[PDB]
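Chains as they are written, first to last, in my numbering: chain A, 47 to 265; chain B, 16 to 234.
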């Protein structure tokens, strides 16, 4: 059962370095090449380079020969990619992927789940949660604005999981501040407003923030 | 290197109908020595890593359903999903492995085509608790519309704004195949309590006339 387990998510500031790992199992490790490929958010896949797991020689993409080094530890069944002099533009998910042949001239038949790396000068911050208050077509929309946090991710549910129909939690956006902002809204019948309670459950694990905010109409 | 280029960038097809994606390589990825095309096709759903559908340009990976097939030679390639099911909604990448560096296409997003539906629009003024903090967030919600293209223009006292808004769009809805969009206009408390009329003008195919939703500061 071929498996690729990548290290956890990483947050680093500009000019620093990061070293990610990829632990393989279920196949003989020295018989297949290992590859490192990244993807900036909403962007395409970009190959960083590869290592011949038997010999240990590598080659990298020219846009990266300066800063990337790929490594393996054969008794560990493990690959390592180290990126240095990090910049915000290096914020991306970094995949390791096993080659189809020992030698790079082959596709990838197995990709690891990915490791997210965020490069920012921002520090850990928990969000402020503001109401998107309903206003008095037969249905209304209310929501929560989860604002000024770092880093990703945030989770939002409504009424502790009980309200799911009509919910739309949006992808976060990154503001000039370096901080993230997200909104989650739900359509509900106007008739419900004053009697049904609507609470949004926000979780920002990186800052240990758990927050429940009741949303009601404004006076 | 070898530039990979897909067409079209985005593709909308009806349930059960045919989907066709094209790949052109800047140079040939055929080896006369081995008689193979060094080309693969991958599927990618948000959050998840890529999964091979096809390798050697025309062989289907095991476990992949037979409605996928690919063809072409040398520099021209074509992935076909003969009869689109809901689970086929994803991004598709082509990939040459003829020579290092590995390169990929830019990606073709494939969605379910449906009848055009107009967005329900809602506007949300900043909460007072956010206003204590010195910043103002006005939010526009465009709910459950199709297709994805939508213009949101923020107007303050009718002076249309620029450089101070940010957008975010839902993934195609599994149930009704619509999209939803959230737009956030941001000012300092100062600028906010200086103008009166805040409006969101939406332009969409299903709206015969551009809809504006609005409020006067002080409801």
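We treat Cβ as the ideally placed atom computed from N, Cα and C, and that holds for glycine.
Could you please give me the residues that DSSP links to residue i through a beta bridge?
i: residue 156(A); result: 144(A)
i: residue 138(B); result: 155(B)
i: residue 81(A); result: 96(A) and 143(A)
i: residue 189(A); result: 178(A) and 231(A)
i: residue 56(B); result: 69(B) and 109(B)
i: residue 231(B); result: 212(B)
i: residue 248(A); result: 202(A) and 257(A)
i: residue 213(A); result: 232(A)
i: residue 195(A); result: 226(A)
i: residue 75(B); result: 69(B)
i: residue 192(B); result: Partner(s): none; residue 192(B) has no beta bridge.
i: residue 66(A); result: 127(A)
i: residue 13(B); result: Because residue 13(B) is not part of the residues shown, which for chain B are 16 to 234, the question remains open.
Tell me, to the nearest whole angstrom, how far the beta carbon of residue i is from that of residue j; I am working on the premise that it is less than 8 Å.
i: residue 173(A); j: residue 156(A); result: About 36 Å separates the two Cβ atoms, so there is no contact after all.
i: residue 215(A); j: residue 230(A); result: 4 Å
i: residue 185(A); j: residue 261(A); result: So it is not a contact: roughly 15 Å between Cβ atoms.
i: residue 52(A); j: residue 160(A); result: 6 Å
i: residue 129(A); j: residue 114(A); result: 5 Å
i: residue 247(A); j: residue 203(A); result: 5 Å
i: residue 126(B); j: residue 187(B); result: 5 Å
i: residue 179(A); j: residue 142(B); result: 7 Å
i: residue 53(B); j: residue 67(B); result: With 8 Å as the limit, residue 53(B) and residue 67(B) do not qualify as a contact, their Cβ atoms being about 14 Å apart.
i: residue 20(B); j: residue 121(B); result: 7 Å
i: residue 161(B); j: residue 129(B); result: 5 Å
i: residue 30(B); j: residue 101(B); result: 7 Å
i: residue 164(A); j: residue 198(A); result: 7 Å
i: residue 70(B); j: residue 146(A); result: 7 Å
i: residue 141(A); j: residue 83(A); result: 5 Å
Using a Cβ-Cβ cut-off of 6 Å (strictly less than) and excluding sequence neighbours within five positions of residue i, which residues of its own chain qualify?
i: residue 16(B); result: 116 and 118
i: residue 25(B); result: 124
i: residue 257(A); result: 175 and 248
i: residue 97(A); result: 80, 104, 116 and 118
i: residue 87(B); result: 93
i: residue 40(B); result: 17, 19, 90 and 111
i: residue 250(A); result: 172, 173, 195 and 200
Leaving aside the five residues before and after residue i along the sequence, list all residues of the same chain whose C-beta is less than 7 Å from its C-beta, in chain order.
i: residue 71(A); result: 49 and 123
i: residue 167(A); result: 59, 60 and 224
i: residue 222(B); result: 133
i: residue 104(B); result: 125, 126, 127 and 187
i: residue 264(A); result: 179
i: residue 216(B); result: 168, 170, 225 and 227
i: residue 204(B); result: 146, 149, 150 and 151
i: residue 114(B); result: 17
With DSSP run on the structure shown, which of helix, strand or coil describes residue i?
i: residue 168(B); result: strand
i: residue 258(A); result: strand
i: residue 62(B); result: coil
i: residue 59(A); result: coil
i: residue 145(B); result: helix
i: residue 135(A); result: helix
i: residue 84(B); result: strand
i: residue 318(B); result: Nothing can be reported for residue 318(B), as the shown portion of chain B is limited to 16 through 234.
i: residue 27(B); result: strand
i: residue 76(A); result: helix
i: residue 187(B); result: coil
i: residue 181(B); result: strand
i: residue 108(A); result: helix
i: residue 119(A); result: strand
i: residue 128(B); result: coil
i: residue 133(B); result: coil
i: residue 205(B); result: helix
i: residue 238(A); result: helix
Please return the same chain residues whose Cβ sits closer than 8 Å to the Cβ of residue i, not counting the five positions on each side in sequence.
i: residue 219(A); result: 226, 227 and 228
Any beta-carbon of chain E closer than 8 Å to the one on residue i?
i: residue 156(B); result: Absent here is chain E; the protein component of the structure consists of chains A and B.
### Query
the stretch 151-184 of chain A: which residues have C-beta closer than 8 Å to a C-beta of chain B, in chain order?
151, 152, 153, 154, 155, 157, 158, 159, 160, 174, 176, 177, 178, 179, 181 and 183
### Query
Taking Cβ-Cβ distances below 7 Å as the criterion, which residues of the stretch 30-63 of chain B are in contact with chain A?
53 and 55
### Query
Looking at chain A, which residues of the stretch 145-169 of chain B have a Cβ within less than 9 Å of any of its Cβ atoms?
145, 148, 150, 152, 154, 156, 158 and 159
#### Entry: Interface positions of the stretch 240-257 of chain A facing chain B (Cβ-Cβ less than 8 Å), listed along the chain
none
#### Entry: Near-chain A residues of the stretch 99-122 of chain B (beta-carbon distance less than 8 Å), N- to C-terminal order
108, 110, 112, 113, 114, 115, 116, 117, 118, 119, 120, 121 and 122
### Query
Residues in the stretch 174-193 of chain B with C-beta within 8 Å of chain A's C-beta atoms, listed in sequence order?
181, 182, 183, 184 and 185
#### Entry: Contact residues within the stretch 195-224 of chain B, judged by C-beta distance below 9 Å to chain A
195, 196, 197, 199 and 201
#### Entry: Where the stretch 131-146 of chain B meets chain A: residues whose CB sits under 9 Å from a CB there
135, 137, 138, 139, 140, 141, 142, 143, 144 and 145
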